[PDB]
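1. Sharing an experimental structure here, sequence included.
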Amino acid sequence: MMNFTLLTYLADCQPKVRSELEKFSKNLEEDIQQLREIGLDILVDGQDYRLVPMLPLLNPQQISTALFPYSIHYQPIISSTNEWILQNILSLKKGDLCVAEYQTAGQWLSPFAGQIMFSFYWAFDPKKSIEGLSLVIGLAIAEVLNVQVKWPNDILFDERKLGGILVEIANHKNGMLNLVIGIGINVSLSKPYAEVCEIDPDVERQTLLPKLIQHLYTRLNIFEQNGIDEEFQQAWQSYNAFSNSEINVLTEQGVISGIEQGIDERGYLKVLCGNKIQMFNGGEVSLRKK
């Protein structure tokens, strides 16, 4: 069982003596070791216990001044960035974000401060359709990092997953379509996955996070107008790593083989299997390469 309070107190990544630490944990050394097992690195030098970040910690006010006017909440340790946006939905506007260094619920040995992890609140017209939204989120991320996309919502470098996207619908009666979009991008992971450190060795999470968020909001606004138009489908093809490739579509009824044929106006995957094009929805099916 993870000691959440101990992790939160150690989150500043500054040294803390056991006299204070013994308050948050009862059997302390058993809990420090349990945190070490889940991939966190707590090093005790002499009498000083310190948590080690994989990358330099983020500065909240630097992000806030860079992403004005969007309101930013920074928590070093949180259960879920999506839950905070959901739980505080009544106090937020478009683009308000919850950025964290570690998510306790969610890689397995995921590192503290090794990922760009943020969630944000977005609203659409209640009539509007969100079909293809996860494709817009992925394409924006791929364009910023000059990497590839995989349908429906995978970001790829060297055919390896560089991050993940989670789009959720809030059960709030705003008269609008309320969505929490969650993003995790691997920057430096301790080690079938990829990290931005490979593509850009001198990358800094402080600069990349506003860059990604700004382009993401552009494409979301483009989606509100253009939809999944022909220009978007051309943009998808440019960054698709599975374009016109021999693919296997894993479905609840088994695997359908064929050749990838891009996307339609609803964001559905188009595959040529036999002599007909078969279309699939993202949540129901999974994409792989023969």
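-> Received, thanks. Residues are numbered from 1 along each chain as shown.
2. can you give me the helices in the chain?
-> Using DSSP state H, the helices found in the chain span residues 4-10, 18-24, 28-37, 60-66, 81-87, 133-145, 196-199, 205-225, 230-239.
3. Tell me which residues of the fourth one come out buried.
-> When you say that, I think you mean helix 60-66. Residues of helix 60-66 classed as buried: 63, 64, 66 (neighbour count, 16 or more other C-beta atoms under 10 Å). In short, each C-beta sits where N, CA and C put it, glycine included.
4. that older thread, and the helices of the chain, which is most packed in?
-> Among the helices of the chain, helix 133-145 has the highest mean neighbour count (mean count of other C-beta atoms under 10 Å), at a mean of 23.
5. From the chain's centre, how far out is it? Work that out for me.
-> The chain centre lies 11 Å from the centre of helix 133-145; the measure is C-alpha atoms, centre = their mean, to the nearest Å.
6. Reformat the helices of the chain as TSV; add distance to residue 101.
-> Shown next, in TSV, are the helices of the chain (distance: least, C-beta to C-beta, whole Å):
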stretch	distance to residue 101
helix 4-10	11
helix 18-24	18
helix 28-37	14
helix 60-66	11
helix 81-87	11
helix 133-145	19
helix 196-199	16
helix 205-225	9
helix 230-239	29
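7. Quick one, which of these gets closest to residue 154.
-> Evaluated over the helices of the chain, closeness to residue 154 peaks at helix 133-145, with 6.9 Å, by C-beta to C-beta.
8. which other helices and strands contact the closest one?
-> strand 148-150, strand 154-157, strand 160-169, strand 177-186, helix 205-225, helix 230-239 (3 or more C-beta pairs under 8 Å, 6 or more residues apart in numbering; DSSP states H and E).
9. which stretch among these comes nearest residue 131?
-> Smallest distance to residue 131 across the helices and strands packed on helix 133-145 (C-beta to C-beta): 9.9 Å, for helix 205-225.
10. and the closest one, C-alpha only, in CSV?
-> Output of helix 205-225 as CSV, limited to C-alpha atoms (Å, rounded to 0.1, in the frame of the first residue of the first chain):
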residue,chain,number,x,y,z
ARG,A,205,9.9,20.1,-19.9
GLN,A,206,9.4,23.7,-19.0
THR,A,207,9.5,24.8,-22.7
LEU,A,208,7.9,21.8,-24.3
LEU,A,209,4.7,21.8,-22.2
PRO,A,210,3.4,25.3,-23.2
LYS,A,211,4.5,24.6,-26.8
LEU,A,212,2.4,21.5,-26.9
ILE,A,213,-0.6,23.0,-25.1
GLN,A,214,-0.8,26.0,-27.4
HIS,A,215,-0.8,24.0,-30.6
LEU,A,216,-3.3,21.6,-29.1
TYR,A,217,-5.7,24.4,-28.5
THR,A,218,-5.2,25.7,-32.0
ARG,A,219,-6.2,22.3,-33.5
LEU,A,220,-9.1,22.0,-31.2
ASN,A,221,-10.4,25.4,-32.4
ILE,A,222,-9.7,24.3,-36.0
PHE,A,223,-11.7,21.1,-35.3
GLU,A,224,-14.6,23.3,-34.1
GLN,A,225,-14.7,24.8,-37.6
